[PDB]
Amino acid sequence: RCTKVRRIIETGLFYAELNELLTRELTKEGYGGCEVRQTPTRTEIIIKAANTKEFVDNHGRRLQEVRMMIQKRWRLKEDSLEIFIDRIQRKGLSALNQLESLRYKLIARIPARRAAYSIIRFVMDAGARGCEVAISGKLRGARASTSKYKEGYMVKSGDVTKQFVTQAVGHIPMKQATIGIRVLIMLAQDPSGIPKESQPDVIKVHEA
Amino acid sequence: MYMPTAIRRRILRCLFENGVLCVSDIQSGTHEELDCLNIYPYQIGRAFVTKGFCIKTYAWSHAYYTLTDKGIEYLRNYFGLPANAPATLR
Amino acid sequence: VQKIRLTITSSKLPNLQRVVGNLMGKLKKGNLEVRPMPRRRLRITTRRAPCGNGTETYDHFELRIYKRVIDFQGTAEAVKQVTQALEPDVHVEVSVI
Amino acid sequence: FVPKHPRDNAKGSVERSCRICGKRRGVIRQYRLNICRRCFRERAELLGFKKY
RNA sequence: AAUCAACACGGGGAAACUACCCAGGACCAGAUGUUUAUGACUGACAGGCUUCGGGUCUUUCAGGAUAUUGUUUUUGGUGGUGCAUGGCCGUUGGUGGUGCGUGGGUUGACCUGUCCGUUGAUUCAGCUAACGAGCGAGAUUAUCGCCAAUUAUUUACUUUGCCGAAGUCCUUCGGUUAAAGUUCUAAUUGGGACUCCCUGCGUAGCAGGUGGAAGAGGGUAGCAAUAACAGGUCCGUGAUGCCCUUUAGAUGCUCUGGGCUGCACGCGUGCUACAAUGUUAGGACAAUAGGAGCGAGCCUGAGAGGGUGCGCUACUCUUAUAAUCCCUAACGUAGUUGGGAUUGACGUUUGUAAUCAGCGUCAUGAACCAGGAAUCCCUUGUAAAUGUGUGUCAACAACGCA
């Protein structure tokens, strides 16, 4: 029994706590966001990740570690909570997933050239119009210094940034200093795929 | 830490029954499910981790203690229960 | 028979307009007779710099609340079927009058 | 533990902290958010707030 | 934190907590690697010590392995370094800029591409050893202004009809699930403006004009490239490297009290005035917010305040008949009914606390006669005046955002 204001804000505040939680559990499984369906008595949540097998191994024990962690937190009733999972088609173009691949490497002491041009090639071959990778902080010297590695083309301004550009910021702690990882990935519009409409820059004239 | 004895059991039963206990990061905070100060489940939780009976994940000022393989074998030794013997059901 | 109100609420307008189409669509099938409320801008105006340094610049964060009200005469049998859309960030309060 | 000075209507009550932050330097109480501003603005788009 | 880019900035309006600082007194969050069921450790009545005490102490009951002693080092820290760093933000500069593929020029740094008119604009036009792809600009997003479709007789109104009250032959009020709607109200989908039109000037475009709700980016915002500043922040963070602190008479945490409000003085942002285009007294239209806290109506008291708590999970009920202005009086050029600082007392609310909080009442009745040299902001619903919400908030705005 809430106001029309608070049912939006509670559901917003639910989602943001829930999403910061499933950063820290599902680092190995390869997290790629979620969606929450809210009902007065029923809650349905789609988790999305790359390694869908890694849940279902040990006859689905890994999901029931998560499902109790949600249930006990907000004190929801079982049956009234209804988690699924659904797989990521094209892991190449999701930003949170490809951040984790660049995180995986730079712990294990690959050069930053080779770590970026691993993923920046993997993004473009999978299917995307451009991508940028930044590795900010302290390699080699006492001063910190910024790498930026770019290909394709990458739109930075307007509304059209928000629709097209996926992006994901993070950080790696180390023995020496705190690096920052940062991967922007631009998409192509599909004809009603999974954006719909083209950019407001482009127009197309018909053939006679 | 000095715990009282009766509160100690019904935490480690709430740990054993569920598998995941949540507690507020903030100390001196009343606790739901089992009523007590939120120092009590929190400080025993990091004791288990050192021995290695559970995993600690922390998000938004909330501490989650997910109970691993060894602690399931330990708490059958503690409570005196037959195997199989929580929330790993399918 | 207890003339029932829906009250449909959302953050986002495309996600709302699916649910209004369905809940207007289903009153075509059941044949129940079918009868926009003003939207709120929850403006929160934080100073965008963390420290006290620099020129005092302020980001404005409007959360928007679109709100529609369908209502109709309906016999409890027919209404159970209509209620059951399921969209992200939409709510539907049912209200008997 | 259990700090004995009352803190009913007080700045350092445990409700009043940034929930994420655990600190109270610059708190947004309106619409019952109870979130610190630096803490807010990192994760405002997740909550459904937007620039216009 | 110190020119712009520190100085109503850290949303920093600190009575406690916040809090880092100072004076006392407790607590162990002493994790994990020899003592003890014959009590390891733990809790307390009354009365002493004492700010106040199961901190201690004279008594002597209540619990029950959660241990003790030594050794290891966890964890905690608003401790140090922003000249070790992440992120975020301000700024150079929101100016018009920035640099790749192949080709050419040069031994080479490097250049060319990226150059006589036009635009807010590397905006277009055209020259042309360069041709072709980018990013920023533009487009797009949001709102304000004008339209008519789509809905609305229990969340907005209007017209007509009914039943009231006055007027008392037709005027004005209040009510109505009662019939028709949409001009006001609310908000979704579309339409609308393009230098299209005409005349001058010079193809790109420019100036004026007609019409038009709107005319030259329709107004205002939002978003905003590459390249850097040892500018800011380790006092936002479970962002963090290293240093030291944990010798517990702690830099951990917490209780009582006090500070950050201390004043010979110097600067920054503000407020109220110096009056008569005024003040005093009496009489007579807003918008945007917020609210399971707002608080209806009716009683009580000069006043502040107090009691009773109707509606509302809100276009429905509520904060809520705003204030300059307007119209009748009073005053009379005076440090004056201008001005309302500083002080004495009484009446109160909020709070564990009023000792430095706000409101009321009666008294007290200051400096100020328009401000030197200097400097700031501003082009249309703008400046200036004039109030109202909101953020912080138990209580307190001369401040910020609207």
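Protein sequences, first through last, are from chains D, K, U and d. Taken in order, the first sequence gives residues 5 to 198, 201 to 214; the numbers are from the deposited numbering. Taken in order, the second sequence gives residues 1 to 85, 87 to 91; the numbers are from the deposited numbering. Taken in order, the third sequence gives residues 21 to 55, 59 to 107, 109 to 121; the numbers are from the deposited numbering. Taken in order, the fourth sequence gives residues 5 to 56; the numbers are from the deposited numbering. C-beta atoms are modelled at their ideal positions from N, C-alpha and C, and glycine is treated no differently.
Listed by chain order, chain K residues near residue 24 of chain d by CB distance under 7 Å
60, 61
Buried or exposed by the 16-neighbour rule on C-beta atoms within 10 Å, applied to residue 22 of chain U:
exposed
Which term fits residue 39 of chain U, buried or exposed, when burial requires 16 or more other beta carbons within 10 angstroms of its beta carbon?
Buried, by the Cβ-count rule.
Among D:159, D:191, D:117, nearest to residue 131 of chain D - alpha-carbon criterion
D:191
Pick out the complete alpha helix (DSSP H) segments inside the segment 96 to 165 of chain D, 4 residues or longer, and give them in chain order.
99 to 111, 116 to 131
Among D:67, D:51, D:35, D:79, nearest to residue 45 of chain D - alpha-carbon criterion
Ranking D:67, D:51, D:35, D:79 by Cα distance to residue 45 of chain D puts D:79 first.
Of all Cβ atoms in chain K, is any one closer than 8 Å to the Cβ of residue 175 of chain D?
No, its Cβ sits nowhere closer than 8 Å to a Cβ of chain K.
State the Cα-Cα distance for the pair residue 39 of chain d and residue 81 of chain K, rounded to the nearest angstrom.
45 Å
Of all the CB atoms in chain D, is at least one closer than 8 Å to the CB of residue 88 of chain U?
yes
Listed by chain order, chain D residues near residue 47 of chain d by CB distance under 9 Å
By Cβ distance, chain D contributes 20, 23, 24.
Residues that residue 29 of chain U contacts on chain D, provided the C-beta gap is smaller than 8 Å:
Per Cβ cutoff of 8 Å: 8, 11, 12.
Can you check whether the C-beta of residue 42 of chain d is within less than 8 Å of a C-beta belonging to chain D?
no
Is the beta carbon of residue 96 of chain U closer than 8 Å to that of residue 33 of chain U?
It is not a contact, given that the beta carbons lie outside the stated cut-off.
Measuring alpha carbon to alpha carbon, tell me which of D:109, D:7, D:31, D:77 ends up nearest residue 115 of chain U.
Comparing Cα-Cα distances from residue 115 of chain U to each of D:109, D:7, D:31, D:77, the minimum goes to D:7.
Beta carbon of residue 184 of chain D, beta carbon of residue 98 of chain D: below 8 Å?
no
Using a beta-carbon distance below 8 Å, is residue 7 of chain d in contact with chain K?
yes
Note down the Cα distance separating residue 151 of chain D from residue 112 of chain D, rounded to an integer number of angstroms.
18 Å
Please check the pair residue 62 of chain K and residue 35 of chain K, which I expect to be a contact at CB under 8 Å, by giving their CB distance rounded to whole angstroms.
Between residue 35 of chain K and residue 62 of chain K the Cβ distance is about 18 Å, and since that is not below 8 Å, they are no contact.
Going by the beta-carbon positions, is the gap between residue 141 of chain D and residue 172 of chain D smaller than 8 Å?
no
To the nearest angstrom, how far is the alpha carbon of residue 126 of chain D from that of residue 33 of chain D?
Computed Cα separation, rounded: 19 Å.
Just the C-alpha distance for residue 22 of chain K and residue 24 of chain D, rounded to the nearest angstrom, thanks.
15 Å
Applying a beta-carbon distance threshold of less than 7 Å, which residues of chain D neighbour residue 35 of chain d?
In chain order: 9, 13.
Is residue 101 of chain D near residue 95 of chain D, with beta carbons less than 8 Å apart?
A Cβ-Cβ contact shorter than 8 Å links residue 101 of chain D with residue 95 of chain D.
Hey, is the segment 69 to 83 of chain K in contact with the segment 56 to 64 of chain D, meaning 3+ C-beta pairs nearer than 8 Å?
no
Starting from residue 85 of chain D and walking both ways along the beta strand (DSSP E), at which residues does that stretch end?
It spans 85 to 91 - the beta strand (DSSP E) in which residue 85 of chain D sits, taken as one unbroken run.
Run through the DSSP bridge pairs and tell me what residue 65 of chain U is partnered with.
U:86
Using only CA atoms, which one of U:113, U:118, U:76 lies nearest to residue 30 of chain U?
U:113
Using the Cα positions of residue 64 of chain K and residue 56 of chain K, report the straight-line distance between them to the nearest angstrom.
6 Å
When the Cα of residue 107 of chain D is compared with those of D:75, D:13, D:194, D:187, which residue comes out closest?
Here the closest residue by C-alpha is D:187.
So, is residue 32 of chain K buried or exposed, given that buried needs 16 or more other C-beta atoms within 10 angstroms?
Around the CB of residue 32 of chain K, fewer than 16 other CB atoms lie within 10 Å, so the residue is classed as exposed.
Grouping DSSP H, G and I as helix and E and B as strand, with all else coil, what is residue 77 of chain U?
Three-state DSSP puts residue 77 of chain U in coil, outside helix and strand.
Cβ of residue 50 of chain U within 8 Å of Cβ of residue 105 of chain U?
yes
For the candidate residues K:49, K:91, K:45, whose alpha-carbon lies nearest to that of residue 14 of chain K?
K:45
According to DSSP, is residue 190 of chain D part of a helix, a strand, or is it coil?
Strand at residue 190 of chain D.
Taking the DSSP output, what are the residues bridged to residue 110 of chain U?
In DSSP, residue 110 of chain U forms no bridge with anything.
What does the Cβ neighbour count give for residue 17 of chain K, buried or exposed, with the cut at 16 atoms within 10 Å?
exposed
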